[PDB]
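Q:
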Amino acid sequence: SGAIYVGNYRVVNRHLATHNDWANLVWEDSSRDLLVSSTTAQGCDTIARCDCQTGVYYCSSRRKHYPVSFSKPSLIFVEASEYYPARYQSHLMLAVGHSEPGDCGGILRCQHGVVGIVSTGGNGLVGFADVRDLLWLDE
Ligand SMILES: Cc1ncnc(C)c1CC(=O)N1CCC[C@H](C(N)=O)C1
Ligand SMILES: [Zn+2]
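Under full-length UniProt numbering, the residues of the sequence shown are numbered 869 to 1007, in order.
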């Protein structure tokens, strides 16, 4: 589990979205596994606007933050799950690091702010759905 709270927005994994996220849907993209919904309370998370390839992520399954090097946002093929058939997921960044199903939602951060959230994993690799290109989250 895990979300990003910026302004009047809540960003979550699309596969983890609630009935309330869908009833107040702003934008959603299956190819990215992202869903943004509106909120009444104001969010204080800062989104990074950068091209960093190093950061720190929160790993729920170990209650630890881990430093990682991560690839640039791209189309990476993701194995079939109870949420999606086997497809290419776009805007995905990979890193060598631990992840278990249940770790989706954990935030990835650099010195500039919030980079993205855990979205894929397995084989000792972890995937992060990037949010830095979503310039509208700040307006
Ligand atoms: C299998 C597995 N191992 C280790 N870590 C994780 C997070 C996972 C879970 C994972 O990769 N999923 C399941 C939920 C939907 C995801 C998606 N973006 O399509 C894919
Ligand atoms: Zn950065």
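Quick reminder that beta carbons are idealized off the backbone N, C-alpha and C, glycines included.
Looking at ligand 2, does it come within less than 8 Å of residue 981, judged from the CB to the closest heavy atom?
A: Yes, Cβ of residue 981 sits closer than 8 Å to a heavy atom of ligand 2.
Q: Looking at the structure shown, is residue 933 part of a helix, part of a strand, or coil, going by DSSP?
A: Strand at residue 933.
Q: Less than 8 Å separating the Cβ of residue 918 from some heavy atom of ligand 2?
A: Indeed, a heavy atom of ligand 2 lies less than 8 Å from the Cβ.
Q: With H, G and I counted as helix, E and B as strand and the rest as coil, what does DSSP make of residue 883?
A: Of the three classes helix, strand and coil, the one that applies to residue 883 here is helix, per DSSP.
Q: Give me the Cα-Cα distance between residue 959 and residue 1000, rounded to the nearest whole angstrom.
A: For residue 959 and residue 1000, the distance between alpha carbons rounds to 10 Å.
Q: Using the rule of at least 16 other Cβ atoms within 10 Å of the residue's Cβ for burial, across every protein chain shown, is residue 996 buried or exposed?
A: The residue is buried, with at least 16 neighbouring Cβ atoms inside 10 Å.
Q: Just how far apart, CA to CA, sit residue 891 and residue 874?
A: If I take the Cα positions, the gap works out to 19 Å.
Q: Name the residue from 961, 1002, 989, 876 whose alpha carbon lies nearest to the alpha carbon of residue 937.
A: Out of 961, 1002, 989, 876, 961 has the C-alpha closest to the C-alpha of residue 937.
Q: Looking only at DSSP bridge pairs, what is residue 896 linked to?
A: According to DSSP, which records beta bridges pairwise, residue 896 is partnered with 903.
Q: Can you tell me where the beta strand (DSSP E) with residue 938 in it begins and where it stops?
A: Careful: residue 938 lies outside any beta strand (DSSP E) and carries neither H nor E.
Q: Do the segment 912-932 and the segment 974-986 meet, that is, are 3 or more Cβ pairs less than 8 Å apart?
A: Contact between the segment 912-932 and the segment 974-986 is present, because at least three Cβ pairs lie under 8 Å.
Q: Tell me where the beta strand (DSSP E) around residue 981 begins and ends.
A: That run of the beta strand (DSSP E) goes 981-990.
Q: Report, in whole angstroms, the separation of the C-beta atoms of residue 985 and residue 881, which I expect to be a contact under 8 Å.
A: About 7 Å; that satisfies the 8 Å criterion.
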